[PDB]
Amino acid sequence: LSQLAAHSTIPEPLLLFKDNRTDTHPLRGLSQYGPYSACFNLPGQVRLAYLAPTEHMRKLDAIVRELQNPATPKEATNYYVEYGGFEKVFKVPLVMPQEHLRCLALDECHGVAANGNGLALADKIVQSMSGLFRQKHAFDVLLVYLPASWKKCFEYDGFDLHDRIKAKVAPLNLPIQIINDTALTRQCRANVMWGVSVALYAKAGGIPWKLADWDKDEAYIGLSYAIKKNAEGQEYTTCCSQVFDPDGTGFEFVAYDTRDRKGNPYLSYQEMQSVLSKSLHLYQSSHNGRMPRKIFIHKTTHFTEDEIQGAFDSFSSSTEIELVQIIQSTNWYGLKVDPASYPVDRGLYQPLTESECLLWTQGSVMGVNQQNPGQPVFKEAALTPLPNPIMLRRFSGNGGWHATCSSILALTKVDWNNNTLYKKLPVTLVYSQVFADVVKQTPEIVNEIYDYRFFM
Amino acid sequence: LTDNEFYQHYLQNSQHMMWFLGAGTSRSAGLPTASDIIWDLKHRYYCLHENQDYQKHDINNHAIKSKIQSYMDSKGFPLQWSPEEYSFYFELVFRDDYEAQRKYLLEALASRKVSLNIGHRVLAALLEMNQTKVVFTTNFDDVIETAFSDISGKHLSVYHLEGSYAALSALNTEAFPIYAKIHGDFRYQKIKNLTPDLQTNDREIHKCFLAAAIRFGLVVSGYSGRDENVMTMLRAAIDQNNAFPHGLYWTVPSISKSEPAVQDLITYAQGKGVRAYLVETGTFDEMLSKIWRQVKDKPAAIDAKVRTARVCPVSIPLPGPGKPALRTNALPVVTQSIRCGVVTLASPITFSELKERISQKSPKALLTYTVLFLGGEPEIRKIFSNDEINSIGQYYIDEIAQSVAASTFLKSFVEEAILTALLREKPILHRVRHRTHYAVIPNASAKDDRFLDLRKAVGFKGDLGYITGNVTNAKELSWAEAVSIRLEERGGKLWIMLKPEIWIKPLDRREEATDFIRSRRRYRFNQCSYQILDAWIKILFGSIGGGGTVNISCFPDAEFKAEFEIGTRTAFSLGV
Amino acid sequence: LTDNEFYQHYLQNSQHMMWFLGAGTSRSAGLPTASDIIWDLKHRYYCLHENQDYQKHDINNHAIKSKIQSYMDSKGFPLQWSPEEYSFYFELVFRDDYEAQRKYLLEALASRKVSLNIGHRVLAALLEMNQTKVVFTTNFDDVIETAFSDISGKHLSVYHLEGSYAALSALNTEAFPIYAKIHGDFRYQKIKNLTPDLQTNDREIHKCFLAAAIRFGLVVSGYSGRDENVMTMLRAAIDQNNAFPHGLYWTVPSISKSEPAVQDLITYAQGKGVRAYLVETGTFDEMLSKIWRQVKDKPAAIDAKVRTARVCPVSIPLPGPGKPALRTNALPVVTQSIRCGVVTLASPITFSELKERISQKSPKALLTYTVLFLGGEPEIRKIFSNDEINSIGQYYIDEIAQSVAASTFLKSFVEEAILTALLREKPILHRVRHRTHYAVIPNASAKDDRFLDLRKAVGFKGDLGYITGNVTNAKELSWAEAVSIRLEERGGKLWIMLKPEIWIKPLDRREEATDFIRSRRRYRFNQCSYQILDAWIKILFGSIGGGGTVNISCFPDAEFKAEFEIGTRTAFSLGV
Amino acid sequence: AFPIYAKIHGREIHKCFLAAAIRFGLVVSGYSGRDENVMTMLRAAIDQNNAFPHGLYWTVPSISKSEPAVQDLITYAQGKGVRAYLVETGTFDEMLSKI
RNA sequence: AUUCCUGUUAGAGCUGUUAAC
DNA sequence: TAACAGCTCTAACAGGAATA
RNA sequence: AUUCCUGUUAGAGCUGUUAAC
DNA sequence: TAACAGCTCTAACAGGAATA
Ligand SMILES: Nc1ncnc2c1ncn2[C@@H]1O[C@H](COP(=O)(O)O)[C@@H](O)[C@H]1O
Ligand SMILES: Nc1ncnc2c1ncn2[C@@H]1O[C@H](COP(=O)(O)O)[C@@H](O)[C@H]1O
Ligand SMILES: [Mg+2]
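In order, the protein sequence lines correspond to chains F, E, M and A. Numbered by the deposited numbering, the letters in the first sequence go through residues 5 to 263, 268 to 346, 356 to 473 in order. Numbered by the deposited numbering, the letters in the second sequence go through residues 4 to 326, 329 to 375, 378 to 583 in order. Numbered by the deposited numbering, the letters in the third sequence go through residues 4 to 326, 329 to 375, 378 to 583 in order. Numbered by the deposited numbering, the letters in the fourth sequence go through residues 178 to 187, 206 to 294 in order.
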């Protein structure tokens with residue numbers, strides 16, 4: 005009775021890179037081959053701009069210089085790869101801004117920060133951008149710096165400065181790479197350089213890497229929510245992200261609102281149907297009208313009867329729907345035996370119940386070790402000694418745990434904002450949660466949809 | 004009239020209810036509306052003369068919609084969503100070619116884009132299970148026909164303008180259910196959709212509606228007036244003896260946005276003696292969902308198709324353990342049936358009241374409410392006097408897993424019982440944090456031989472480790488090894504969850520040792536965690552995890568005793 | 004044309020195939036045929052004027068039929084099953100009242116007596132899965148309208164004479180599937196069933212038959228001819244260019260009883276250059292059953308409704324063993342997976358050939374064909392030389408129960424293996440009678456201590472019994488106690504069946520001791536049989552039937568060894 | 178088993212043209228007639244009960260420049276009840292581009 | 001906020017099970 | 001609607017860095 | 001054949017699994 | 001279509017009588 009169903013370890017998903025080469029290590033492949041989207045010239049050159057107070061601009065130009073020159077990894081050398089220099093590794097020059105492409109924040113921002121007013125501080129930071137907006141064509145990415153003296157307005161109740169800035173500059177189409185003092189004072193340098201460089205390339209152009217072995221006929225959907233603590237009650241702001249590989253070479257990753269008020273994170277019949285309608289209409293527009301054949305709707309909470317009925321009735325019979333729920337905190341945890358020195362291989366899925374499975378999005382990864390090749394690497398070794406798996410509670414499917422598990426595993430590796438090897442959750446869930454935070458901070462965003470490069 | 008009272012009225016008399024659904028239900032069936040048809044026609048018209056690529060620019064874009072509407076207004080056409088526009092654009096595009104008009108209207112509303120939702124399926128179920136007999140519609144596409152064919156499995160008799168008089172006879176001979184389209188199927192020559200055709204009514208269909216008025220009461224949904232012929236037919240139906248035996252219930256998604264024609268017709272009907280009421284019940288789909296919810300004794304065969312989510316999908320079986330194998334922390338509890346004690350109270354009791362009685366009396370027994380008690384009767388007599396106790400009997404839990412899954416009170420009770428059993432005869436202390444239970448090595452008895460293996464588990468490079476002590480930089484915080492033990496219901500099985508933790512003697516001062524808890528747990532890798540879990544299994548069970556079926560009973564010296572049996576080996580499964 | 008060649012031709016090209024079902028197919032749907040309708044009309048007519056009780060005398064009685072027909076002949080009416088009779092009796096009973104005639108024809112052919120059989124369901128599946136697009140019918144009842152609604156779950160577009168031009172438009176715009184009734188639904192006013200109405204054809208429908216003639220080839224079933232209008236429409240369809248691209252396949256249940264009109268039409272069609280063929284395929288139901296059988300890649304969703312017997316019903320679960330308990334003779338074999346040896350032969354081998362090789366060589370191993380061998384490789388080398396052996400490898404039987412259930416060779420092989428294992432290390436002799444294996448106490452070693460308990464089992468009033476010996480009145484027959492041991496596959500489990508028997512040393516001379524076998528077994532009542540079964544369990548297993556899991560391996564000293572484990576306690580279940 | 182591209186080279208196409216005329220309508224471009232074989236081919240295709248159900252469309256760059264036989268055939272088809280039409284468009288390639 | 005998710009402290013949201021109103 | 005049980009989530013902080 | 005079904009001796013019928021034809 | 005495996009049945013006989 006102690007013998008469970010046999011598991012199968014899904015191998016490490018391959019990532020499409022420069023010249024359609026595949027390598028499961030993102031940074032190693034980027035150094036070796038280059039970005040997938042560099043095959044075409046979406047970014048001609050990464051022209052930057054600075055927005056910071058006059059005192060701390062030297063930090064911005066210093067960090068840009070550090071991006072220009074190669075760096076070596078000091079911490080987590082088990083996984084990271086030596087930086088080859090932005091021009092060498094992304095095959096595109098990184099242009100330092102000239103005098104007019106380099107703005108100065110108003111001194112009134114300091115007064116507002118001393119006053120402890122987050123809303124007015126974000127408004128003033130945005131209003132400082134007019135000098136660059138007269139030259140919006142000149143630059144591609146704006147590096148907004150915030151001095152530590154503004155910490156009092158960085159994060160407090162009912163507010164978040166980063167989300168407010170992102171929601172204020174998203175309709176203005178300019179990507180923004182916010183830099184705090186943390187990126188400056190992080191012990192290691194190759195960490196910050198790799199993260200900032202991949203973010204800069206994604207926000208100026210896009211697609212640093214693309215997941216291979218992706219059927220063009222599947223659209224993956226992830227719903228996630230956030231809470232705004234009202235004085236009387238609460239507001240549950242839920243938003244949905246969508247990923248798919250279209251007929252064109254440009255892999256698409258978008259997010260959107262879901263509309268009024270919600271008291272619970274469970275969508276009703278009409279709201280679920282409307283969101284799903286918007287989703288497959290977006291897919292059809294990106295697929296010249298072709299119907300999706302596989303749909304994956306990942307939700308952090310269980311689908312009610314209304315949500316499943318809305319899913320069933322929104323599509324036609326030809327498009328099978330894979331309604332799956334992702335559980336983050338679970339009691340179970342495993343230990344590999346042959356007992357192994359390193360924890361269980363990443364990607365092992367263990368069918369517990371006919372509808373509930375354990376997926377090991379965390380765990381040892383093979384073939385991505387730089388030093389002592391052949392040794393396994395545990396991404397979260399610093400944080401945890403063992404990997405905590407997630408629970409997939411399939412609410413609607415025809416058959417095959419492998420089909421959804423491999424899709425989730427491949428969706429855990431295409432977060433360009435993530436410096437590390439993978440993510441505990443699929444990019445759909447994480448982007449839906451990020452956009453949920455953004456919408457909760459700024460409710461007047463429900464009108465439009467946005468690409469990933471805006472909010473990553 | 005409030006919506007809930009309307010629902011109660013409809014449920015009270017649902018056997019005599021005509022439905023009237025014109026162009027409002029089709030919005031939610033996946034097929035284009037009137038405005039969508041108008042915009043599609045404008046798109047074709049603009050792309051045709053002004054030579055522009057049809058697929059290059061879409062139709063639901065705001066810019067393209069504005070440009071096409073500006074072009075239409077340039078040639079003097081009607082301005083915006085105004086009467087005599089839909090028919091105008093039809094007669095403009097198709098220049099009086101009713102065959103081509105019919106073919107286009109068939110293609111736009113064809114039976115391939117339609118995906119039945121809950122509303123049409125629920126109405127078709129009402130038709131089949133024979134509550135509503137007549138469903139009049141001003142709508143062309145076969146949404147209700149497809150829903151009835153999908154649910155009932157029987158062919159539905161649709162009536163139209165070709166035959167025309169066919170419906171009246173069916174009414175007279177009670178050939179229910181009848182689904183008479185006042186404007187007929189698009190599969191036939193006459194469609195009656197343009198404004199000039201919308202001023203007249205077919206004589207036989209008019210007579211059929213007038214006759215059906217006396218027999219049933221009407222519920223009209225997804226209809227916003229704007230049609231003169233249907234409005235005058237309804238007005239004529241009102242102007243006759245006992246026009247509606249069950250009242251005309253006009254439902255709109257929003258009372259505020261309802262056209263004044265509907266309101267004045269309702270006032271006229273009320274002035275003519277009928278009890279016609281206008282209610283708002285939200286969308287048609289939600290209305291029909293609620294109506295089906297209030298339906299009693301719905302057949303299972305049709306309800307398996309009405310609500311496909313109600314049946315449980317994805318019952319995908321799991322394979323065998325054939326052919329590296331992860332070793333989880335789950336100990337399977339193979340106990341299937343247990344015995345408990347029940348006390349009957351002369352007055353109703355609350356689970357909170359029993360919890361506070363537990364807190365005050367502190368008996369040597371367990372109790373929960375559902378009052379099921381595990382232990383000795385005299386303890387319950389201490390808790391409850393003879394006056395409040397009526398009788399004390401026995402309870403049998405034939406299926407433990409189903410019982411704990413059904414009621415969370417049973418889950419908590421069985422978890423507490425198994426925890427008490429596991430720590431009944433052992434020196435390991437039993438504490439609780441939040442709603443979880445912790446078995447922690449005691450401070451005084453830390454030098455026991457049964458802990459020595461645990462001492463080996465935490466040891467560095469094979470030397471002797473430490474099990475209990477004081478934090479390196481804390482004033483009074485004391486720390487020990489511990490295991491969080493929980494009950495997990497998985498499918499049809501129960502398992503015991505063990506997780507190694509670092510217990511802190513002060514409950515509220517755990518965070519001050521966080522770094523220490525981190526520092527002690529930095530290097531508890533797979534081998535070390537395997538060793539600690541094996542040591543904890545040995546401590547909690549007394550037998551190594553090979554082929555063991557150790558059985559533990561709680562309160563063995565009590566009349567009501569629970570005897571569980573948990574396999575000493577944690578869950579494992581070799582890879583395929 | 005032979006029926007099989009017709010099936011291959013249809014199967015070869017079923018994509019483009021109109022069907023022309025007549026009133027013969029509805030014969031099975033349970034609807035009254037033409038003759039049944041005539042006899043019903045005669046019954047009403049006779050009972051009406053001659054005042055006789057309607058329900059007192061039935062209609063399918065031979066005497067009442069003869070009496071009514073004699074009465075009809077008395078008034079000069081047509082004699083017997085002759086033309087212009089069906090219409091004659093209709094026009095006589097209903098005296099030119101087409102509304103009442105329609106109502107009666109609706110009531111007789113109503114949609115409550117119809118129970119769809121395999122033929123209509125298979126045709127509706129062909130319609131939905133889109134092989135046949137046009138199904139013409141001269142038949143009124145919705146025998147096929149209902150089947151499509153039940154199978155597809157979608158509304159079917161039925162065409163009739165009320166519109167009658169819908170078919171040509173739907174054909175022209177490829178709105179398949181179309182089901183055009185050449186004589187229209189009975190719901191509508193025009194039915195076109197009397198002989199005067201059967202001389203003319205609707206212009207638009209007639210037009211459709213010719214346009215559809217060019218597109219597809221026709222298969223007409225359940226049509227006997229006798230209709231002038233349909234015959235002349237078919238003849239006109241023949242007299243046009245490439246009249247049938249796939250030939251007119253006229254099918255009759257019997258070629259001998261086919262009317263000469265069909266044969267002369269076939270000859271005329273052949274003379275007009277088309278490949279029309281007349282075949283006999285039995286009844287319509289059998290024809291469509293075979294056609295569906297030859298259909299490839301039929302969707303599971305619709306096939307679950309086409310053949311409801313194909314899905315497995317009555318999967319009624321069994322309850323728990325909760326709460329007198331019968332003790333059967335079944336020992337559960339909990340072994341799930343075993344290992345076997347496979348030899349690859351350079352030339353094909355027959356199971357009979359392997360059996361005779363076993364008989365000649367007599368090796369110390371087991372073999373079966375599927378060649379799976381259990382034992383030592385050198386034994387197989389003795390059986391098969393190196394020249395005929397290509398390779399020797401391993402085989403794993405992950406699911407033993409499913410494997411034995413699927414292949415009876417596996418059942419016999421596993422039964423022989425478990426029998427050899429059980430008698431490997433024990434003195435009890437192993438024999439076979441028919442195909443049943445017997446474990447019998449040996450003659451010489453009958454005084455063993457392990458048999459003493461068995462000696463107690465057969466003893467009378469608790470004394471010492473006898474286990475082996477000679478018959479009371481037989482010249483040379485010797486008798487012994489024995490147990491027939493068999494393998495039984497029950498559901499998803501395997502069990503060992505033990506039955507106490509009286510083995511006779513001469514195989515063919517068992518009957519001469521029958522009385523003795525009876526006499527020894529006269530008083531082997533429940534207690535005595537319980538004792539003998541317990542003693543045999545102890546002998547065969549070495550452990551008493553309490554909480555035991557004895558494991559036995561066959562050929563333990565061999566590379567390929569099978570290790571089974573059978574619970575020592577027989578099956579039991581307490582009453583509910 | 179569509180699509181097919183059959184060249185008249187003007206009886207093996209006669210039956211094919213007849214069946215095709217039964218099936219779906221025809222549009223003819225780049226042809227002025229002037230050939231009696233195809234003329235009788237099309238005239239024989241017209242007679243059947245459902246011939247060119249969608250319609251026959253003789254498209255020429257200029258209506259007045261077309262040969263009289265084409266207009267005669269169009270009038271004959273219209274009299275027979277078929278929905279044949281003579282529409283004036285541009286060059287065949289320009290017509291197909293606009294389509 | 002270059003990143004990652006490990007914990008702490010809280011509240012909700014769903015399910016339920018009773019008592020009602 | 002008021003408690004109570006469990007399962008799971010986010011909301012604020014804090015926080016150190018890949019088997020030693 | 002007042003009954004009952006316990007055995008003996010045989011053959012078929014279905015399923016299969018191979019080899020074909 | 002020819003064997004082979006099991007599961008189950010009937011077709012002819014024979015045959016003795018309800019825990020002793
Ligand atoms: N989901 C719905 N449920 C009920 N009624 C609806 C729905 N959607 C639209 N309607 C009504 O249908 C009307 C439009 O029908 P018409 O414009 O006459 O074709 C609107 O005025 C709405 O009141
Ligand atoms: N199994 C069958 N299915 C359909 N039609 C049949 C069947 N057996 C016979 N028929 C035909 O049914 C016809 C009788 O129709 P009717 O002339 O209306 O009585 C005869 O011509 C038979 O050939
Ligand atoms: Mg960023």
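Ideal placement from N, C-alpha and C gives every residue a C-beta, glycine not left out.
| Check | Outcome |
| --- | --- |
| Between the region 250-277 of chain A and chain M, which residues of the former have a C-beta closer than 8 Å to a C-beta of the latter? | none |
| For F/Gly115, which of helix, strand or coil comes out of DSSP? | helix |
| Would you check if the region 530-548 of chain E and the region 271-287 of chain E touch, i.e. whether three or more CB-CB distances between them fall below 8 Å? | no |
| Give me the Cβ distance between E/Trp84 and E/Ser38, rounded to the nearest whole Å; I'm assuming they're in contact under 8 Å. | 7 Å |
| Of all the options F/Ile67, F/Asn405, F/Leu284, which has the alpha carbon lying nearest to the alpha carbon of F/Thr189? | F/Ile67 |
| Return the residue from the list F/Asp249, F/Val247, F/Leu284 that minimises the CA-CA distance to F/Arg263. | F/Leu284 |
| Express the C-alpha separation of M/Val309 and E/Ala307 in angstroms, rounding to a whole number. | 19 Å |
| Would you call the region 340-356 of chain E and the region 565-574 of chain E touching, i.e. three or more CB-CB distances under 8 Å? | yes |
| According to DSSP, is F/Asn195 helix, strand or coil? | helix |
| If you reduce the DSSP assignment to three classes, tell me which class M/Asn7 lands in. | helix |
| Using the three-state DSSP reduction, which class does M/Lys275 fall into: helix, strand or coil? | coil |
| Please report whether the beta-carbon of F/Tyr359 lies at a distance below 8 Å from any beta-carbon of chain E. | yes |
| Using a Cβ-Cβ distance cut-off of 8 Å, determine whether E/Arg313 contacts chain M. | no |
| According to DSSP, what are the bridge partners of M/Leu505? | M/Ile492 |
| Less than 8 Å between the C-beta atoms of E/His163 and E/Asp188, yes or no? | yes |
| Would you say M/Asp460 lies against chain E (beta-carbon separation less than 8 Å)? | no |
| I'd like to confirm the pairing. Which residues does DSSP put opposite A/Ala216 in its beta bridges? | According to DSSP, which records beta bridges pairwise, A/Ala216 is partnered with nothing at all. |
| Find out if the Cβ-Cβ distance for the pair M/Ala216, M/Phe247 is shorter than 8 Å. | yes |
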